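One chain follows as structure tokens, the form deposited in one PDB entry.
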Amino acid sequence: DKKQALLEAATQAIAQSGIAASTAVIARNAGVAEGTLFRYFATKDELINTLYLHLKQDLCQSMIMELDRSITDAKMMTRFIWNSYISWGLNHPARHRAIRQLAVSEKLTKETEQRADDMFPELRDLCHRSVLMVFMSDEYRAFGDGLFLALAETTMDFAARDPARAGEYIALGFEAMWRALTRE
């Protein structure tokens, strides 16, 4: 009931306006008082963390259901996961506009990031196997994730605008990202 409605409103409002989406606005759009929102979530940051996990779970389920586990070559496995990733974002654009902003907000706790990484162990493992070491470090991992998110967002935008060439934007985005971020 109202927990879900609050997460839907925060999805719509964060997609519409970014993190600095007003909790008054989100509460209003969920049809309760702002005091009720702060009863369900101790702080705005708690609400951000919870919404990120809910959206990440939805994305990870979608990618997992498409996984061909006979594939073991790192690049081919990552290509097919990328396809699934860009497809989810084209199919759920508000969810995706909500999630990418939470990901770079620097508001996510280490526990949340860790739970998010654990939602899809094969992808977590493939990062360890293939991403340039500097982009797995504590100092530069956020930057490597921002570069990735930037390349995936651009690919989604070009594919959504021009569906006839979506496949080709997805393939050219993937090869560019793989050259940008992976072991040489």
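Numbers follow the displayed sequence, beginning with 1.
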Stretch exceeding the other in mean C-alpha B-factor - 106-114, 71-79 | 106-114
Decide which of the stretches 147-155 and 24-32 has the higher mean C-alpha B-factor, going by the entry.
-> 24-32
In the PDB entry, which of 14, 176, 170, 160 has its C-alpha at the highest B-factor?
-> 14
Ranked against its chain, the third holding the CA B-factor of residue 166 = lowest
Compare the C-alpha B factor of residue 38 with those of the other modelled residues in its chain, then answer lowest, middle or highest third.
-> highest
